[PDB]
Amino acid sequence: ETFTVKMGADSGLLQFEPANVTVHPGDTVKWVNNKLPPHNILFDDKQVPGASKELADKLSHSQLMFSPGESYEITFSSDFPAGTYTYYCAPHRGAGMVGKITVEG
């Protein structure tokens, strides 16, 4: 299954929408650039299962997305550890533009 997360709410709020997503192995999360760009998607090393920097760096899309409809996807395959992956947008960090993917297992 694919879950679409908007970067910037339709309401014009600096939020990921939905901010919290629960996922099963094999699912994809697709971020779509929506309102009030730019946005990016950063996972800190201590905010993914096992605190793996190698994992968090692979998943982080640090490059800025400016155009509506730009997208980035992660397929959380069985290669991914179960647990929480907490992320944020650097440009809007002070606005609380944060999210969390929970991979069940």
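Quick note: we count residues from 1 along the sequence shown, nothing fancier.
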query: Between the two ranges 46 to 54 and 74 to 82, the one averaging a larger CA B factor in the entry; finding: 74 to 82
query: Residue range whose averaged C-alpha B-factor is higher in the record, 25 to 33 or 57 to 65; finding: 25 to 33
query: B-factor third for the C-alpha atom of residue 7 within its chain; finding: lowest
query: Ranked against its chain, the third holding the CA B-factor of residue 95; finding: middle
